[PDB]
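**Q**
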Amino acid sequence: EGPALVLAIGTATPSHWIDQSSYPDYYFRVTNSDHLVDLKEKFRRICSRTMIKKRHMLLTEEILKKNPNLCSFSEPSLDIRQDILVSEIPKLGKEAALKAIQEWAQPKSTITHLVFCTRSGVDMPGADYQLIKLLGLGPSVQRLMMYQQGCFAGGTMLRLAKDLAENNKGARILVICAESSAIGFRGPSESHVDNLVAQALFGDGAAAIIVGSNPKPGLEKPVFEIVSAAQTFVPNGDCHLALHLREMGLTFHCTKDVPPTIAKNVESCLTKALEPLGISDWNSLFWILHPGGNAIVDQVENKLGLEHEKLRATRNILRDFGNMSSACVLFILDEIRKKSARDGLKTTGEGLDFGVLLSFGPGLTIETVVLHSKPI
Amino acid sequence: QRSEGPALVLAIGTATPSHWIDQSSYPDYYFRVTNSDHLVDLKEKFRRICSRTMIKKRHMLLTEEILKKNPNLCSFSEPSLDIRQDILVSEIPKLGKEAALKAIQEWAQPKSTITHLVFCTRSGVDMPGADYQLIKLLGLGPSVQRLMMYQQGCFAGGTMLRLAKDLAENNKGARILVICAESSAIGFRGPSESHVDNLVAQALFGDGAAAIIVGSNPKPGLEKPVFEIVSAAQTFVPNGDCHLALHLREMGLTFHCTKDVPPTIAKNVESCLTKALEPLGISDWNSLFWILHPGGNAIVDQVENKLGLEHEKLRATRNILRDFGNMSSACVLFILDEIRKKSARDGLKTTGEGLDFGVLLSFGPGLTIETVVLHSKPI
Ligand SMILES: *[C@@H](C(=O)CC(=O)O)C(=O)SCCNC(=O)CCNC(=O)[C@H](O)C(C)(C)COP(=O)(O)OP(=O)(O)OC[C@H]1O[C@@H](n2cnc3c(N)ncnc32)[C@H](O)[C@@H]1OP(=O)(O)O
Ligand SMILES: CC(C)(COP(=O)(O)OP(=O)(O)OC[C@H]1O[C@@H](n2cnc3c(N)ncnc32)[C@H](O)[C@@H]1OP(=O)(O)O)[C@@H](O)C(=O)NCCC(=O)NCCSC(=O)CC(=O)CC(=O)O
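Protein sequences, first through last, are from chains B and A. Here the entry's author numbering is used: the first residue of the first sequence is 16, the next is one more, and so on. Here the entry's author numbering is used: the first residue of the second sequence is 13, the next is one more, and so on.
Quick look at the structure:
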């Protein structure tokens with residue numbers, strides 16, 4: 016019985032989407048804030064610097080019209096956010112999971128475990144229960160519901176699925192990360208300009224992977240191997256990155272120190288993960304980086320001395336989807352595999368053998384996952 | 013069968029808020045402090061409910077001073093999530109820390125040896141979570157591998173065992189601190205004649221935290237295993253969400269629990285027992301020691317009657333219900349501790365009342381059922 020493998024990846028987004036170039040006009044128009052000219056220009060500059068071209072969003076103009084409190088900055092809004100998310104998040108997860116199961120090509124009743132991960136709404140029973148119902152799985156699927164984790168949680172889910180797959184003979188784990196900015200969408204406010212950053216960053220999406228050890232020959236086709244997974248955090252990280260669930264929905268606290276602190280700390284995580292494997296040249300790896308913002312992508316690239324194309328897949332996902340929180344890295348996994356096929360390369364990791372997936376989030380938590388590629 | 017083998021419970025500790033209220037005097041307290049003494053018939057109905065809970069006292073994070081300073085907590089529906097969060101986001105990690113200190117004290121190994129932390133609660137959420145805060149409070153290092161289990165519910169004690177088993181068995185040398193910390197402050201609210209069923213919740217739930225140390229391959233002469241986690245399986249009764257559900261709203265945590273719940277649970281526990289214990293060749297439920305989640309006294313009685321258990325099998329369960337009320341996911345861990353302590357008091361030879369195999373059964377939202385087969389250890 017050997018290492019946990021990624022056996023399939025699927026993704027899904029809400030049909031509704033908005034291009035970033037026209038997003039300042041849409042945002043200030045639909046929140047009835049067009050009289051705030053200077054704030055609107057600042058938001059234009061922020062959106063132009065995000066390096067995001069479009070984002071998919073569960074919230075439509077129609078939903079904003081039916082619920083004007085969503086367009087305020089602080090009015091009570093958690094109840095409508097919950098009414099939307101408790102229903103929509105399992106459905107988006109279901110779409111991603113169906114695509115993953117189709118690639119996997121095994122019967123869905125063979126799934127033994129489900130791990131569902133989100134920070135967009137909570138409920139009891141959780142989204143895992145709803146997804147079991149929506150997918151037509153049996154009640155004997157072993158569920159784990161990971162609520163309110165954040166951006167770093169893609170790495171966390173890989174870390175968890177590794178143990179689930181390697182310690183249970185024959186286990187097949189459906190892992191789903193589903194996120195929506197509807198939990199934190201709110202109108203602009205000159206008293207709280209930094210929140211504009213969040214309103215420019217976050218998009219909606221779900222990713223699903225199938226994880227398992229001991230692949231069936233001629234039936235399953237491994238995509239990646241989860242070699243190792245480790246978490247840490249930068250002390251006092253909660254003073255720099257934190258999000259609270261309030262009557263106004265999810266709040267956002269992110270100091271300017273965050274990108275340089277993360278970039279400052281990633282090399283020790285890389286060393287701790289890769290020295291036991293005898294790897295020290297970070298450009299000998301393929302890369303998956305959580306694109307918390309374009310600044311962090313650039314600063315990790317510069318601090319580590321990575322060739323500019325290493326983070327191409329990361330940038331692609333940012334460009335096409337924005338920050339989808341824990342789902343991002345999984346999207347990027349798919350992209351780096353798809354890109355590898357388009358370039359005619361021989362492995363799922365851009366022709367390289369070893370790679371690293373690095374994610375980060377609230378508390379300056381950092382997840383480091385070492386991956387091994389597979390034949391394309 | 014191996015020593016690099018199954019996950020073991022190596023220590024159990026518990027903690028409760030200092031403030032407590034007797035159940036006999038709780039109707040008077042509840043209707044006085046929520047300014048509802050004009051609701052005489054509702055108060056009498058609440059008296060009957062509290063009399064049937066079989067609870068003697070509950071420990072509470074909410075004091076009279078906190079309730080008076082925040083009248084929205086004493087209403088039924090006014091916006092209250094923010095004050096509940098301000099209380100819980102701070103208090104739940106502290107209570108978890110107290111339980112963890114007790115568990116580490118029994119464990120008697122240096123806390124820096126803990127490699128994993130699993131934190132479990134349904135009382136408030138935050139990012140970063142209560143696990144992060146507990147790392148800070150306990151003085152552990154940032155390299156402890158954390159898993160934060162928010163908004164799980166009553167059954168999650170079983171879930172945590174199910175999780176720790178894998179963490180311990182797939183990571184050589186790993187030592188996992190598991191913490192379940194719960195407070196009824198997330199769902200406390202004033203009474204309402206339009207919503208009489210909520211009175212049930214107001215009579216049931218108490219506050220408390222439990223902590224265990226879980227690990228494989230115990231160190232000889234240093235660690236003293238308490239229980240062995242033989243197996244762990246989850247299921248649910250189809251359409252269970254229609255019978256038991258709780259939603260987090262601007263008014264805090266709501267409560268939906270039909271009268272069908274105890275009979276449906278009792279009806280379904282035997283198939284879980286059979287599925288878990290037939291591979292071990294066990295079919296006599298009275299040959300086991302028992303840990304049952306006391307979601308209510310009715311469920312305890314109906315499981316006893318449906319399975320034909322000797323009346324003393326659920327004594328530890330009833331003891332914890334009596335002395336603490338329903339502490340949600342923490343309950344079963346409390347009961348684990350109690351069944352071990354009781355075994356010492358009665359002079360029995362194993363931590364499971366002198367028996368070899370036992371079962372821990374918990375249940376919660378969605379009619380989810382967790383079934384954990386346990387093996388005792390020499391006392
Ligand atoms: C998700 C997560 O974990 C939780 C979850 O959702 O589940 C995450 O990953 S969140 C982590 C995201 N972090 C960031 O995006 C870091 C934010 N960026 C910064 O702090 C930096 O200061 C930048 C380098 C991005 C700012 O410079 P940039 O190169 O982008 O553009 P410049 O011209 O400065 O900036 C344009 C305007 O942006 C304003 N601004 C940037 N960042 C902030 C923050 N953090 N707070 C408030 N304002 C910010 C700049 O002031 C600048 O203003 P201007 O009006 O032109 O003077
Ligand atoms: C009826 C009986 C109580 C067995 O009988 P009893 O001996 O216990 O008392 P009783 O004779 O019913 O008298 C009590 C008075 O209350 C009324 N009444 C009772 N029950 C309900 C109810 N359900 N709805 C509405 N009205 C109810 C009843 O009509 C009567 O009114 P009156 O007759 O005075 O008019 C039992 O079937 C039952 O439903 N028990 C509920 C206990 C229970 O299941 N708790 C689950 C907790 S879930 C958990 O653990 C946590 C999590 O999962 C998640 C998390 O928190 O994280």
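All residues carry an ideal CB built from backbone N, CA and C; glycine is no exception.
Which class does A244 of chain B belong to by DSSP, given the choice of helix, strand or coil?
**A** Three-state DSSP puts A244 of chain B in a strand.
**Q** Hey, would you say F239 of chain A sits closer than 8 Å to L345 of chain A, going by beta carbons?
**A** Cβ distance not < 8 Å, so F239 of chain A and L345 of chain A don't count as in contact.
**Q** Could you give the DSSP three-state label for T125 of chain B: helix, strand or coil?
**A** If DSSP states are grouped into helix, strand and coil, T125 of chain B belongs with the helices.
**Q** Using CA coordinates, which residue listed in B:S196, B:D272, B:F200 and B:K184 is at the minimum distance from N229 of chain B?
**A** The candidate whose alpha carbon is nearest that of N229 of chain B is B:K184.
**Q** Per DSSP, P390 of chain B is paired with what?
**A** In the DSSP output, where bridge partners are listed per residue, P390 of chain B has B:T362.
**Q** Would a check of beta-carbon distances place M72 of chain B closer than 8 Å to chain A?
**A** Not one chain A Cβ lies under 8 Å of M72 of chain B.
**Q** Considering only their Cβ atoms, is the gap separating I198 of chain A from residue 392 of chain A smaller than 8 Å?
**A** The question about residue 392 of chain A has no answer, for chain A in this structure spans 13 to 391.
**Q** For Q13 of chain A, which residues in chain B fall below 8 Å Cβ to Cβ?
**A** Here the premise fails: no neighbours, minimum Cβ distance about 16 Å.
**Q** Is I294 of chain B helix, strand or coil by DSSP?
**A** Coil at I294 of chain B, not helix or strand.
**Q** Whose CA, out of A:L234, A:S299, A:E316 and A:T46, lies closest to the CA of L22 of chain A?
**A** Answer by Cα proximity: A:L234.
**Q** If you run the structure through DSSP and keep just helix, strand and coil, what is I33 of chain A?
**A** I33 of chain A falls in the strand class under three-state DSSP.
**Q** According to DSSP, which residues form a beta bridge with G227 of chain B?
**A** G227 of chain B pairs with B:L20 and B:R187.
**Q** Taking 7 Å as the cut-off, is the CB of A278 of chain A close to at least one heavy atom of ligand 2?
**A** Incorrect: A278 of chain A has no Cβ contact closer than 7 Å to ligand 2.
**Q** Which residues in the same chain as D313 of chain B place their Cβ atom closer than 7 Å to its Cβ, once the five residues preceding and following it in sequence are excluded?
**A** None.
**Q** Strictly by DSSP, which residues pair up with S374 of chain B?
**A** B:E382.
**Q** When the distance is taken between beta carbons, is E194 of chain B closer than 8 Å to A342 of chain B?
**A** In this structure, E194 of chain B lies closer than 8 Å to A342 of chain B by Cβ.
**Q** Just how far apart, CA to CA, sit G170 of chain A and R134 of chain A?
**A** So the alpha carbons of these two residues sit roughly 14 Å apart.
**Q** With 16 other CB atoms within 10 Å as the buried threshold, where does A222 of chain B fall?
**A** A222 of chain B comes out buried.
**Q** Would you say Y38 of chain A faces chain B, with C-beta separation under 8 Å as the test?
**A** No, no contact with chain B.
**Q** State buried or exposed for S283 of chain B, treating a residue as buried only when at least 16 other CB atoms are found within 10 Å of its CB.
**A** With fewer than 16 Cβ atoms within 10 Å of its Cβ, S283 of chain B is classed as exposed.
**Q** Would you list, in sequence order, the uninterrupted beta strand (DSSP E) runs of no fewer than 3 residues that lie entirely inside the region 80 to 140 of chain B?
**A** The region 80 to 140 of chain B contains these whole beta strand (DSSP E) runs: 128 to 133.
**Q** With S124 of chain B and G165 of chain B assumed to form a contact (beta carbons below 8 Å), what rounded beta-carbon distance in angstroms separates them?
**A** That belief does not hold up - the Cβ atoms of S124 of chain B and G165 of chain B are roughly 32 Å apart, past 8 Å.
**Q** Please classify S37 of chain A as buried or exposed, where buried requires at least 16 other C-beta atoms within 10 Å of its C-beta.
**A** Burial call: exposed.
**Q** Which two residues bound the contiguous beta strand (DSSP E) that contains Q164 of chain A?
**A** First-last for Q164 of chain A: undefined, no H or E at that position.
**Q** Closer than 8 Å, CB to CB, is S155 of chain B near chain A or not?
**A** Yes, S155 of chain B counts as interfacial toward chain A.
**Q** Just to confirm the assignment, what range does the beta strand (DSSP E) spanning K354 of chain A have?
**A** From DSSP, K354 of chain A is part of no beta strand (DSSP E) but of the alpha helix (DSSP H) over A342 to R357.
**Q** How would you label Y42 of chain A, buried or exposed, when you count the other beta carbons within 10 angstroms and need 16 or more for buried?
**A** By the neighbour-count rule (16 or more Cβ atoms within 10 Å), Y42 of chain A is buried.
**Q** Between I33 of chain B and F88 of chain B, what straight-line distance do the alpha-carbon atoms span, to the nearest angstrom?
**A** The straight-line gap from Cα to Cα measures roughly 21 Å.
**Q** From which residue to which residue does the beta strand (DSSP E) around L304 of chain B run?
**A** It spans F301 to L304 - the beta strand (DSSP E) in which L304 of chain B sits, taken as one unbroken run.
**Q** So is the beta-carbon of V52 of chain A under 7 Å away from any non-hydrogen atom of ligand 2?
**A** Flag unset: Cβ of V52 of chain A not near ligand 2.
**Q** Which of the three DSSP states, helix, strand or coil, is assigned to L321 of chain B?
**A** Looking at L321 of chain B - three-state DSSP - the assignment turns out to be coil, as it is neither helix nor strand.
**Q** Does the distance from the C-beta atom of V315 of chain B to that of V281 of chain B stay below 8 Å?
**A** Yes.
**Q** Does the structure place the region 51 to 59 of chain B close enough to the region 267 to 279 of chain B that three or more beta carbon pairs sit under 8 Å?
**A** No, the region 267 to 279 of chain B is not in contact with the region 51 to 59 of chain B.
**Q** Kindly say whether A142 of chain B, judged by its beta-carbon, lies nearer than 8 Å to any beta-carbon of chain A.
**A** With 8 Å as the cut-off, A142 of chain B does not count as an interface residue toward chain A.
**Q** Hey, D253 of chain B and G378 of chain B: beta-carbon distance below 8 Å or not?
**A** Cβ atoms of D253 of chain B and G378 of chain B: closer than 8 Å.
**Q** Return the CA-CA distance between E110 of chain A and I147 of chain A, expressed in angstroms with no decimal places.
**A** Straight-line Cα distance between these residues: approximately 13 Å.
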